[PDB]
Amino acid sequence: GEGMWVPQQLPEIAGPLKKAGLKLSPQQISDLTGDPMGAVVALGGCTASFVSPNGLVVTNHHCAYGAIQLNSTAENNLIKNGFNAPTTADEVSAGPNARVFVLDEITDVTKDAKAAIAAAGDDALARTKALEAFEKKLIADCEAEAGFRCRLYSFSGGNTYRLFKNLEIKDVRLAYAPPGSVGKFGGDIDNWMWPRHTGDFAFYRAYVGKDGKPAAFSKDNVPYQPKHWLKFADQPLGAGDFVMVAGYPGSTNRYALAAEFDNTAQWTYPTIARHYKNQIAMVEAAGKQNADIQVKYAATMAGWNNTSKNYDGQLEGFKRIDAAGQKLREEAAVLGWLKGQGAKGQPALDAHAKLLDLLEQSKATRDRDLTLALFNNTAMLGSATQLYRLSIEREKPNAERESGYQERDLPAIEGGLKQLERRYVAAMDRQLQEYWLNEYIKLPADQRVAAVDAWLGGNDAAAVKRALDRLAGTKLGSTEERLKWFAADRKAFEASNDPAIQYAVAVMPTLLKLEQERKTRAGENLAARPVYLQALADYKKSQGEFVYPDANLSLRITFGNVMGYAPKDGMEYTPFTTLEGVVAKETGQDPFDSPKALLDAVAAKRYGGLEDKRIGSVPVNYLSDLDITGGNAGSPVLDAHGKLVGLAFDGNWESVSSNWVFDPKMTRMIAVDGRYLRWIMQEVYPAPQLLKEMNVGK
């Protein structure tokens, strides 16, 4: 069912958990450093988990793809063939940017965070700056212990703040990956789709120094020895059984105001989808012509194409369940309940009204803001503005620097700067500059930016050509020029005759004013949002509903049951797929080209002792009514006894709307069954040492 619950609130939902079938105590699972929640780890974008007392980590295949590719040659293709390390000495480095983060300590810092905000009085900009400062000092002081990375998370609009201190493991090595036609069986064709037959798993091992402390790759490091780790289920998972997922969903916006949601559906999503489709067509058209373009812009185009299809998909989904109407009616109920109460209801009504006013304010300049932002996100303008901005911040002391530009941020910046070379071709970037300039000159007089207008020196076709021609002369194309600016001082930037840097210098005072305006609105939001969300929570309580905060990168549990769904009368998706289902999709061409040893074993009905007779086969994937979103790939699925029954890896297309809604009839997570991991590792691409390490071998 719906909900991304923080572990601390699980005792409060004891009743719902027990009814769904949970057999462990909610008090046990509420401990974020305990058994099993302390086994759950973050990879930076994916979830994973510990599965042995010697640092073995399981996650999805696409979560490990980076590492698999990295250790692949032109002439030895782990992507195709799989990877296996028969001893730990055979495990290969995932490279110096790979991480496993493990929770060390959590602290509720709400009282301190609220005091700092409260000290700013009625000054909205001051409130923002005060929270910024609180956070930066907190993180600094927490991270003064080497080995650790800290994060401050705000819950429910700032009703609650929590500080997480994570051990930062920096020597992560690949231990196993199934072949690519298992890991990614069905490729993009089966993306978002059920029925699903994908063995989406892989294994790392975490390493530390012999002193126990994190260290970069070294042959003297040894496996990390986790305090907690997960065990394979010994009861066979069946339709209707309790399941829960623990993982790190990135962000949701489940409590958006009716007007905010309407603006997203009516303007934001259609407008962004449009520009994205125009960009896609431009890149498609040029990559045919050219070919450097084709290879370097392929991932950028895929990103646009992805967002574009998901926005279109959500808009249809909304109309399908009347999400806007449902939201409007619940909001009306809330406002009615508050209005009924006297004076006592007024602060929350006032807060609702302030939230509406801020949405009008950001709506008044929505076209300008989007155009300027995406114009400045083109490659040469992006790097110019980012570099110049850094040089301004450098000229203050670190403690005053804008997050993103502190000393902790510099590796990330240099990272991006080097990466840019993989996705930049000047002929193509000129076309993207042109597109965004033509969007710019379509803005009304009252949405223009004087500094840009003055730079452009006119606003017809010929103005834009002159401007493209000037910018052509920049030298920030090359990595090596860019690295010189990364270290250059503000007055160098101001002396430069580089036409991209001169753009940056011309517009920066304006960009800073716009930034200050966002921060001002954001400080008003600090005041009004928690108040409104508390009133929402109180209303829901009166109605007997428990409330969960929006996702915010922290560890959450979602629970429910293994179950199919039926989009149409007279048919149902069954909760499981099976081995025979995989073979029935064989074409053998990419992406339906299973390994031969899989075809042979299924034909032989070598079930490896893993069959579930209720389904007549070994299970492959299954559906459940769990509530996940981006961040949850790789999350472990646990059973009623907190034992591992699979990994989360996708959802059905009805899950594409997970930022905004959950449809209990149709939304389903797709998981790969723990028995299918075992079956692949027994019958297809053998990992006897891992099976034994996990006590299911052996």
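Residue numbers run from 1 along the displayed sequence.
Set 142-150 against 425-433 and average the Cα temperature factors; 425-433 ends up higher. For the pair 631-639 and 65-73, the record assigns the higher mean C-alpha temperature factor to 65-73. Sorting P270, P509, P223, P575 by the CA temperature factor given in the entry leaves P509 at the top.
Of the candidates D538, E135, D188, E91, it is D188 whose Cα B-factor is highest according to the PDB record. Placement of the Cα temperature factor of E168 within the chain: lowest third of the modelled residues, per the deposited record.
Among all modelled residues in this chain, the alpha-carbon of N621 has a temperature factor (C-alpha) in the lowest third. When the CA B factors of the chain's modelled residues are split into thirds, the value for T520 lands in the middle one. Among all modelled residues in this chain, the alpha-carbon of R162 has a temperature factor (C-alpha) in the lowest third.
Ranked against the other modelled residues of its chain, the C-alpha B-factor of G588 as given in the entry falls in the highest third.
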